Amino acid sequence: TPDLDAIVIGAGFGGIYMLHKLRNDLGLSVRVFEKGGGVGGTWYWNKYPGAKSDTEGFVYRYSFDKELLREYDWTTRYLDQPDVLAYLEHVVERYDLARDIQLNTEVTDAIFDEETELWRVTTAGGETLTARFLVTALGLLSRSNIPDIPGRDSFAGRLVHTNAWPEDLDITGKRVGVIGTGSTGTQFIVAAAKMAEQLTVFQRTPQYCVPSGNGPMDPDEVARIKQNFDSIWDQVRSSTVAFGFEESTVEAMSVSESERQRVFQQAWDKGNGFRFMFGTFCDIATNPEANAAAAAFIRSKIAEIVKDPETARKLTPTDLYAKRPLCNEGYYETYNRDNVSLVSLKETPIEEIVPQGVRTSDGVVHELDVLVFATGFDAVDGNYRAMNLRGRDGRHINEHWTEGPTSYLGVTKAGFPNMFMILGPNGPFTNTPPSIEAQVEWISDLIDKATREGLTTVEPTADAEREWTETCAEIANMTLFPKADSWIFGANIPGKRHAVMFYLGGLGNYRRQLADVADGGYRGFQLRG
């Protein structure tokens, strides 16, 4: 007899829906443990100015409740962090979830007991509880990456990671430095430039930023979108990246030079990063000649927008357009402001952080009241490797992951029975919520089967997991994503294994893999009862 049927870790998009399925639909005893002081995951932690969705609001939400789809209003094309947090708090209120979500509670240990065949979970607060089923919704992009830049801790001002933005901090009229120009840094830079006395950007690697097209939502369009939600979610679930647009089936180099310029300009004008990469042509991420045409178009727009030719050059990337697409409102324009300076760390790397700011290699001391680390995440496997997480024969998850992190179907792990992962290693690379929905519903169905049939353990075989690794490696190596040095393949952190950590076959093909496994009596699983 376990203390609980199920323990879920994380109260983001993943954990919130998992608890709903397990407690509300299956009638099981469940507790969520969230180490944060509120629910919302991403949208609790990322309180920094400019924090917002790069999925358009209309499809950055749950689809499973048709009444919620009819009722809930959004006012902006992309959702500000406070509005996403408000939406998730509403979902929690709507299904009476708060009473079974324990906040401020870090799970430090999860130990599979091979005698009882129960999960023994320990918290930082010194609670030990047993559960039959463990669901880890720990976040692909949850564990803060804070590089050990020499002197970092000497800084006399406010030093923060974006994923730890403190609620009291007001940068209005302060001298602000930011390190990093990914999705976090660039949206922060647009907002911060309006507030700061001076904003200094420390950029190691410029990215191919495209317009978001963000602005007010016409409430009459929101009514029409709501009219067509059934067909919109149909298209989302059958797409690769699930961003709510029809993906191009046209090869970039199959059309005229004129047509390529027109298609790119039309996506530039319409906005969205995933639209630019996948709504232009079908081979931007696979054909290197297609990739170079897309990259060239983005460089041409930078040269048009940025007035200082030195700033233009430093903003203009020359590497593969194969990092995760990013978009913003008025990013390049921000660098035309009198109070924004760009420091290329390619030219003048950081030598040392000092009480008064940042000394770069040219010996210039950038005087700062606030230093912001927009330096990203120990992505995918970060919160797994930091946990004392042990399966059969008492083996730690790290012992299994010496060649990079692994899974079966992105949701299970050989040697870890009755353990399910929401966006574990080697799952889909998409607009997040519909991928979360696919995993949570499939996991719920298998937990319901194990309940009805009296199954004591369900686990994938080592062979099924190895074949899933091979399937992900085969798909990945036909794209340019492995040659971009991003968080996606673990190349953002010194000493992290460069490895496939996603199934890159898209939501459509991912959903088919899940369905065929379930159809075939849970192919690759040993079900015991």
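Quick note: we count residues from 1 along the sequence shown, nothing fancier.
**Student:** Give the stretch, out of 140-148 and 215-223, with the larger mean C-alpha temperature factor in the deposited entry.
**Tutor:** That would be 215-223.
**Student:** Tell me which stretch, 476-484 or 56-64, has the higher mean Cα B-factor listed in the entry.
**Tutor:** The stretch with the larger average C-alpha B-factor is 476-484.
**Student:** Among the choices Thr123, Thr402, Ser435, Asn104, identify the one whose CA B-factor in the record is greatest.
**Tutor:** Among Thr123, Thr402, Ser435, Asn104, the highest C-alpha B-factor in the entry belongs to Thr402.
**Student:** Highest Cα B-factor in the PDB entry belongs to which of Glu289, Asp109, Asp319, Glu197?
**Tutor:** Among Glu289, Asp109, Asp319, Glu197, the highest C-alpha B-factor in the entry belongs to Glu197.
**Student:** How does the C-alpha B factor of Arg359 compare with the rest of the chain: lowest, middle or highest third?
**Tutor:** Within its chain, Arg359 is a highest-third residue by C-alpha B-factor, going by the deposited values.
**Student:** For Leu22, does the deposited CA B-factor place it in the lowest, middle or highest third of the chain?
**Tutor:** Its C-alpha B-factor belongs to the middle third of this chain's values.
**Student:** Taking the C-alpha B-factors as the PDB entry records them, is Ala491 in the lowest, middle or highest third of its chain?
**Tutor:** Highest third of the chain for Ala491's C-alpha B-factor.
**Student:** Divide the modelled residues of the chain into thirds by Cα B-factor and specify which third, lowest, middle or highest, holds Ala11.
**Tutor:** For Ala11, the deposited C-alpha B-factor lands in the lowest third.
**Student:** Per the entry's values, where does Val91 land by CA temperature factor relative to the rest of its chain, in the lowest, middle or highest third?
**Tutor:** As the PDB entry reports it, the C-alpha B-factor of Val91 lands in the middle third of its chain.
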